[PDB]
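Taken in sequence, the protein lines are chains A and B. When we follow PDB author numbering, the leftmost residue of the first sequence carries the number 2, and every step to the right adds one. When we follow PDB author numbering, the leftmost residue of the second sequence carries the number 2, and every step to the right adds one. Yeah, the Cβ is synthetic: ideal placement off N, Cα and C, and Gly gets one too.
2 protein chains.
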Amino acid sequence: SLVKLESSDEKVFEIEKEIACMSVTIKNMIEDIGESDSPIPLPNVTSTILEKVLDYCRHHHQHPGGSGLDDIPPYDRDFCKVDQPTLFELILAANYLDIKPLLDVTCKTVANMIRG
Amino acid sequence: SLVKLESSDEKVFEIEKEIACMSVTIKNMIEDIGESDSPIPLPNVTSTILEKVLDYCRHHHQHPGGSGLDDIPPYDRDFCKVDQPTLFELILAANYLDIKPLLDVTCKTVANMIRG
């Protein structure tokens, strides 16, 4: 079922429990509380950012990837098309949830822009 | 004893073994290899960056902190005084070594500048 993850902006982001397990932080919370359909608020990540965090996690789970070597998918490129403050917010949320794929891709995005 | 950590720029950064344990990546390497005084090169983080990564880790170990709420220490502020490409390099090295204090502080540095 969908675990209900309210943001700091109180927006309920219902996403599959199996997806929320990729986030080390959310996973560990579910483990300490036990298997609960109880909504887990995240008082750090806002609605606009948690939207893209969990939507990337939808992409990553339903389509095994979230990354590309010489194969740049349309979604994943348009995902990285955010303003520089908003980009740092994606870094904050990815470190807060300790999502290794999201954190690495977002840190590589800025790395490609400054080296390219 | 001091574990000898060569950078990508081949510079030997000898730092206490007990400090290198805060880095999840370096710690796990020491565990797989076993307790060895053998020098561990890091072919990702350069000399200038690994200098500050391990020197922050010196500060963090010898002085329990590396962070401040309303108490901003001189070192920790001058540590964050780096150029924007160099700042992204600190993010890369902190994610590469999976050092939670360093990664969080450096991600908070940019967060304070864009919101302030």
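Looking at the structure shown, is residue i part of a helix, part of a strand, or coil, going by DSSP?
i: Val-83/A; result: coil
i: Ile-16/B; result: strand
i: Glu-11/A; result: coil
i: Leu-3/A; result: strand
i: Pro-102/A; result: helix
i: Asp-77/A; result: helix
i: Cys-22/B; result: coil
i: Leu-70/B; result: coil
i: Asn-45/A; result: coil
Distance cutoff 8 Å, beta carbons only. Does residue i sit that close to anything in chain B?
i: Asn-96/A; result: yes
i: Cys-108/A; result: yes
i: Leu-103/A; result: no
i: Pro-86/A; result: yes
Indicate whether at least one CB of chain A lies closer than 8 Å to the CB of residue i.
i: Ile-50/B; result: no
i: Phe-80/B; result: no
i: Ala-112/B; result: yes
i: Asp-56/B; result: no
i: residue 126/B; result: Lying before the first or after the last residue shown, residue 126/B is absent from chain B, which here runs from 2 to 117.
i: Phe-89/B; result: yes
Could you check where the alpha helix (DSSP H) with residue i kicks off and where it finishes?
i: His-61/A; result: 48 to 63
i: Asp-38/B; result: From DSSP, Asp-38/B is part of no alpha helix (DSSP H); its letter is neither H nor E.
If you measure between the beta carbons of residue i and residue j, is that distance less than 8 Å?
i: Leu-51/A; j: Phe-89/A; result: no
i: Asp-99/B; j: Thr-26/B; result: yes
i: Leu-103/B; j: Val-54/B; result: yes
i: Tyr-57/B; j: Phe-80/B; result: yes
i: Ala-112/B; j: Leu-93/A; result: yes
With a cut-off of 8 Å, does the C-beta of residue i fall near any C-beta of chain D?
i: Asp-10/A; result: Looking at the structure shown, chain D is missing, and the protein chains on hand are A and B.
Quiz item: Does the region 60 to 70 of chain A touch the region 26 to 45 of chain A, meaning 3 or more C-beta pairs lie closer than 8 Å?
Solution: no
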